[PDB]
Amino acid sequence: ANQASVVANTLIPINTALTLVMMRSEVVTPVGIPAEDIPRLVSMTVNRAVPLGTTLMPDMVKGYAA
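Residues numbered from 1 in each chain as written, not as in the entry; some residues may be left out. Heavy atoms only, no water. Residues with missing side-chain atoms left out of burial classes, pairs and counts.

As recorded in the PDB entry, the chain goes by PROTEIN (ANTIFREEZE PROTEIN TYPE III) and comes from Macrozoarces americanus. Among the UniProt annotations of the chain, the heading Subcellular location holds the following wording: "Secreted". The heading Sequence similarities in the UniProt record of the chain holds the text "Belongs to the type-III AFP family." (UniProt positions renumbered as here; feature names shortened; annotations may be inferred.)

Would you mind going over the UniProt feature "domain: AFP-like" in the chain in detail, with residue names and values included?
Following the UniProt record, the feature "domain: AFP-like" maps to residues 5–64 here. Annotation note: span residues 5–64, helix share 7%, strand share 22%, distance between end C-alpha atoms 15 Å. (Helix = DSSP H or I, 4+ residues; strand = E, 2+ residues; numbered from the N terminus.)

Could you give an account of the nonpolar core, with specific residues and numbers?
In terms of nonpolar packing, the biggest core is built from 17 residues, with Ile 12, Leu 18, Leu 41, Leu 56 and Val 61 touching the most fellow members. Contributions of two or more residues to this core are made by β1 (4–8) and α1 (38–41). (Core = buried A, V, L, I, M, F, W, Y, C linked by side-chain atoms within 4.5 Å. Buried < 20%, exposed > 50% of the residue type's maximum accessible area, 1.4 Å probe, protein only.)

Here is the structure:
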């Protein structure tokens, strides 16, 4: 139901470390990483450019395990 996921608040460039202004929570479908995981994700890197408005999926973040 209203499960919020991490959504790219701005384009996240490839190989760039995640910061708090890059991430918002949104109820979207399909569900991606939970919004409660935003502080765990800070300083992790993505492995592909994530365009504005994309749901961050587990497989996009280098070193992410829940």
